[PDB]
Structure formats: C-alpha cells, structure tokens
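There are 2 protein chains.
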Amino acid sequence: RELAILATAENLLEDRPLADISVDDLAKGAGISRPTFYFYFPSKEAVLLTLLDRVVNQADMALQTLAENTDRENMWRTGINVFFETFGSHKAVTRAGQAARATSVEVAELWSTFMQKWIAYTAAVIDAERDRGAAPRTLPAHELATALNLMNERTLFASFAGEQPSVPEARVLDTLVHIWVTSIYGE
Amino acid sequence: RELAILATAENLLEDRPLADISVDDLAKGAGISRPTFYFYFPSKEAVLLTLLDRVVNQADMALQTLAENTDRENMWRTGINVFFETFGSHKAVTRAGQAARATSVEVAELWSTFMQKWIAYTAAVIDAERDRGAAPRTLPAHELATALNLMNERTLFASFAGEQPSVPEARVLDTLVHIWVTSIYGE
Ligand SMILES: CCOC(=O)Cc1nc(-c2ccc(S(=O)(=O)NCCC(C)C)cc2)cs1
Ligand SMILES: CCOC(=O)Cc1nc(-c2ccc(S(=O)(=O)NCCC(C)C)cc2)cs1
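If you're matching them up, the sequences are chains A and B in order. According to the UniProt record's numbering, the residues represented by the first sequence are 25 to 93, 97 to 214, in order. According to the UniProt record's numbering, the residues represented by the second sequence are 25 to 93, 97 to 214, in order.
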C-alpha cells in the first residue's frame with residue numbers, strides 16, 4: 025500500500041510534473057481514500073522524497089558492490108555506469124527530484140549528502156591510483172573529484188531530459204569516461 | 025530610469041530571492057511610481073530576463089573579443108576566465124537567472140541559445156586544434172564541447188553560490204582548465 029502509493033507517483037510523474045499530481049490521483053492509483061494516504065505520507069512532496077531516497081540508495085549500494093570487488100578505463104566506466112543505469116532507469120524520479128532541490132530543503136540535503144559521499148569515494152580511488160604510481164599528482168584529488176561529479180550530474184540529467192543542449196544518451200557514457208580517464212591520468 | 029530599475033533589481037537580488045522583491049521595491053528603489061514601472065517592464069520577471077540578457081551578452085562579446093585576437100593551456104584559461112569573471116561579477120543575477128530556468132520559458136530559451144553558441148565555438152576551436160595536429164581525434168568535438176560546457180555551468184555556479192558540495196571559488200578556474208586541457212589534448 026505504501027508501495028502502491030510510490031509506484032503510482034513514479035507512474036504519474038512519467039506523464040506530468042508533481043504540481044499536476046494531486047493526493048487524490050495518488051490515493052485513486054493506490055486504491056485507497058485521501059485520508060488513508062495521509063496515514064502513509066504527510067504530502068505528495070514526501071512521496072517524491074521517498075522515491076528519490078530509494079533511487080539514490082540503490083545507486084549508492086551498487087557503487088558499494090563494485091567497491092567490495097580490469098584496466099583503469101573500464102574501472103571508471105563501470106563506476107559511472109552505476110549512475111547512468113540507476114538514474115537512467117528512473118528518469119521521471121531523477122527529473123522531479125532535481126526540480127524539487129529548488130523548493131525542498133530535505134531533497135536539497137539528501138542530494139548534497141550522497142554527492143559529498145560519491146565525491147569522497149572518487150577522491151579516495153584517485154588517491155589510491157596516485158599512491159600505486161598509476162595516476163600523476165596534478166590537482167588536489169578532492170577538487171578534481173568535485174568537478175567530475177558535478178559534470179556527471181549536469182551532463183547525465185541533461186541527456187536524460189533531452190535538454191538543448193545535451194550529449195545524446197547513447198553517447199554520454201563514452202563522453203564522460205573519456206574526460207574522467209584523461210583528467211585523472213593526464214599530466 | 026530603465027537603468028535605475030535594473031540596478032535596483034540587481035541590488036535587491038544580492039539580499040533576497042525575486043519572490044521576496046515586489047514591483048513596489050523596484051519602483052521605490054528607482055524613485056518612480058508602480059504604474060510608471062509598468063511603462064518600462066511588464067513584470068519583475070521581465071526585469072530579471074533583461075538583467076540576465078546583458079550578463080550573457082557581456083560574456084558573449086568578451087568571448088568574441090578573444091576570438092578576433097599563447098600556449099594552448101593559456102588560450103583555454105583566458106576563454107574560461109571570460110565566464111568566471113563575467114558571471115562571478117554578477118552572482119545574484121547568475122543565481123536568480125539559473126533559478127528562473129525552471130519557471131520562465133524565455134529565461135530557459137535565452138540560456139539554451141547562448142549555451143548552443145558557446146558549445147559550437149568550443150567545438151570549432153577543438154576542430155582547428157585537431158586540423159593543425161595539436162589535438163588528437165578522440166571524441167566527436169561537439170559531444171566533448173557539450174560535456175565541458177555543462178561541467179563549467181554546473182561547477183562555476185555551484186562555486187559562486189557556495190553550494191555543498193563545490194570547488195572553492197579560488198580553485199575553480201585551475202580545476203576547470205586542467206580537465207579542459209587534459210580532455211582536449213589527451214589520447
Ligand atoms: C572498482 C572500484 O572503483 C570504481 O568503481 C570507479 C569509481 N567510480 C566512482 C564514481 C563514478 C561516477 C560518479 S558520478 O560523478 O557519476 N555520480 C554523481 C552524479 C550523479 C549522476 C549522481 C561518482 C563516483 C567512484 S570510484
Ligand atoms: C583564443 C581563442 O580561443 C579561446 O578563447 C578559448 C575558448 N574558450 C571557449 C569557451 C570557454 C569556456 C566556456 S564555458 O564552458 O565556461 N561557458 C558556458 C558555461 C557558463 C559558464 C556560461 C565556453 C567556451 C571557446 S574557445
């Protein structure tokens with residue numbers, strides 16, 4: 025029933041913005057009354073927050089699975108691909124979740140927390156690559172990590188929403204891997 | 025008087041969001057009545073659009089001045108620096124203008140037009156660098172241009188707004204030049 029509210033919201037968000045989805049459409053879709061909805065979620069905005077929180081955590085867990093477990100270009104491609112596949116499978120939640128950063132402090136703070144985590148892990152892997160002699164000591168690892176992660180956030184999300192301008196979705200993984208591998212390994 | 029409305033809006037936007045600025049605050053600030061304001065601008069949103077349109081065009085003209093007129100790293104640094112200095116001098120208009128992309132089709136379409144222009148010029152310069160034998164034929168120039176331009180938009184604007192996470196403003200030019208020069212010249 026919680027699940028049916030979440031699935032209904034994900035479905036309707038594929039059609040239209042969260043401003044055009046009412047608690048009645050979410051209730052209707054989950055086969056419950058509007059007061060019954062209020063027992064599971066305080067708002068349609070909390071439904072979006074929860075949807076976003078699962079996509080982010082699904083991306084984070086898939087990155088942890090890689091971390092616990097090739098050539099350097101393929102190492103980076105597999106990591107970036109976790110975010111391409113995870114967000115790319117949940118485009119309506121990606122789009123809605125990004126738009127809510129402007130209006131929800133909880134969505135802004137959720138996004139900020141996982142970006143800080145994914146930057147810190149990028150920096151740790153760049154540092155390990157520098158310690159093993161594979162990557163040169165160029166920029167501060169954490170500053171290079173930050174720019175590469177903000178690049179991916181902006182570029183993946185533009186490609187997914189078909190923005191003008193954007194890298195076509197079928198070219199965006201290759202585009203990002205090239206810039207990551209050349210900026211991490213290049214002198 | 026048009027100028028005094030524009031200067032007043034730029035000033036108040038340094039303090040608070042456009043939602044917290046009323047046509048009376050703009051009128052008051054420009055020493056005119058509210059009906060007199062309506063003779064210059066249909067809305068406070070049109071005032072933001074015009075402010076954004078001058079900053080974008082000031083950036084574009086400064087890029088044209090370079091184009092009509097060193098080592099490859101310094102060539103790219105001077106180009107990126109046009110955007111760092113121009114937007115960095117107008118942070119409240121940058122911030123407000125970026126936020127209005129969500130709510131104004133005219134702000135979205137203005138931003139899209141100049142991004143397409145600046146990407147096309149980046150691609151043209153990468154192509155000329157490839158034709159002269161200085162840069163290798165790696166990614167499609169226009170796809171590499173797109174990702175590098177979206178990186179800069181996201182990274183410069185995060186640094187300016189002090190977002191978490193962000194590259195510190197005093198490190199962001201060096202960060203972006205490294206990733207540009209290594210991704211453009213690297214194999
Ligand atoms: C073998 C173990 O090492 C690896 O797997 C390679 C690694 N990949 C990452 C990583 C890749 C992409 C992104 S990001 O920049 O794309 N996400 C934020 C942006 C949005 C998309 C959430 C963030 C972190 C860190 S280490
Ligand atoms: C000697 C002649 O050649 C040159 O000057 C070097 C050149 N620089 C550019 C250029 C630099 C940065 C950006 S961008 O990516 O920073 N702006 C969009 C994003 C936001 C910031 C507006 C866009 C284009 C093109 S060619």
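Built from N, CA and C at the ideal position, the CB exists for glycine as well.
Provide the residue span of the alpha helix (DSSP H) that contains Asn93(A), from first to last.
Segment: none, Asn93(A) is in no alpha helix (DSSP H) and carries neither H nor E.
Quick check on DSSP: helix, strand or coil for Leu171(B)?
Helix at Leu171(B).
Taking 9 Å as the CB-CB limit, is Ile206(B) close to chain A?
Answer yes: the Cβ-Cβ gap between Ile206(B) and chain A drops below 9 Å somewhere.
Could you name the residues, in chain order, whose CB is less than 5 Å away from a heavy atom belonging to ligand 1?
Spelled out in chain order, the answer is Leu90(A), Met102(A), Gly106(A), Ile107(A), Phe110(A), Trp145(A), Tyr148(A), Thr149(A), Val152(A), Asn176(A), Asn179(A), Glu180(A) and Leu183(A).
What is the DSSP secondary structure of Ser139(B), counted as helix, strand or coil?
Helix.
Among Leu30(A), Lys144(A), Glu190(A) and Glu100(A), which has the Cα closest to the Cα of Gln191(B)?
Ranking the options by Cα distance to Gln191(B), first place goes to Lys144(A).
Count Cβ pairs between the region 199-212 of chain B and the region 203-214 of chain A that sit closer than 8 Å; are there 3 or more?
Contact between the region 199-212 of chain B and the region 203-214 of chain A is present, because at least three Cβ pairs lie under 8 Å.
Buried or exposed: where does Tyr64(B) fall if 16 or more other Cβ atoms within 10 Å of its Cβ makes it buried?
Buried is the call here.
Less than 9 Å separating the beta-carbons of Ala51(A) and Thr60(A)?
Cβ distance < 9 Å, so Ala51(A) and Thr60(A) count as in contact.
Residues of the region 162-194 of chain A in Cβ contact with chain B at a cutoff of 8 Å, in chain order, please.
Here the close residues are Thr165, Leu166, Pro167, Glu170, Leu171, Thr173, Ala174, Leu175, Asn176, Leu177, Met178, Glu180, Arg181, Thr182, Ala185, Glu190, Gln191, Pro192, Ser193 and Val194.
Say whether chain B places a C-beta atom closer than 9 Å to the C-beta of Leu73(A).
False, the Cβ-Cβ gap to chain B never drops below 9 Å.
Whole angstroms are fine: how far does the CA of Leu72(B) sit from the CA of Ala33(B)?
Taking the straight line from one Cα to the other gives about 8 Å.
Report yes if the C-beta distance between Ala54(B) and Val194(A) is below 9 Å; otherwise report no.
No, the Cβ-Cβ distance between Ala54(B) and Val194(A) is not below 9 Å.
Indicate whether at least one CB of chain B lies closer than 9 Å to the CB of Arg122(A).
Cβ-Cβ to chain B under 9 Å: no for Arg122(A).
Can you list, in chain order, the residues of the region 130-159 of chain B whose Cβ is nearer than 8 Å to any Cβ on chain A?
If the cut-off is 8 Å between Cβ atoms, the region 130-159 of chain B has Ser139, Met142, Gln143 and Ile146 near chain A.
Apply the 10 Å Cβ neighbour rule to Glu26(B) and answer buried if 16 or more other Cβ atoms are within range, or exposed otherwise.
With fewer than 16 other Cβ atoms within 10 Å, it is exposed.
Could you compute how far the alpha carbon of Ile146(B) sits from the alpha carbon of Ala28(A)?
Computed Cα separation, rounded: 43 Å.
Whole angstroms is fine: what's the gap from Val120(B)'s alpha carbon to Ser57(A)'s?
Those two C-alpha atoms are separated by around 45 Å.
Output, in chain order, the set of chain A residues within a Cβ distance shorter than 7 Å of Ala126(B).
The contacting residues are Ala129.
Would you say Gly213(B) lies against chain A (beta-carbon separation less than 9 Å)?
Yes, contact with chain A.
Let me make sure I understand the geometry here. Which of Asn108(B), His117(B), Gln88(B) and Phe111(B) has the alpha-carbon closest to that of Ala31(B)?
Of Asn108(B), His117(B), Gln88(B) and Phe111(B), the residue nearest in Cα terms is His117(B).
So what's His117(B) in DSSP terms, helix, strand or just coil?
It is coil, neither helix nor strand.
Could you check where the alpha helix (DSSP H) with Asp201(B) kicks off and where it finishes?
First-last of the alpha helix (DSSP H) with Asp201(B): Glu196 to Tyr212.
What residues of chain A sit near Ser210(B), judged by a beta carbon separation below 7 Å?
Correct list: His205, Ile206, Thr209 and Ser210.
In angstroms, rounded to a whole number, what distance separates the CA positions of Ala126(B) and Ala129(A)?
Each residue's alpha carbon lies about 8 Å from the other.
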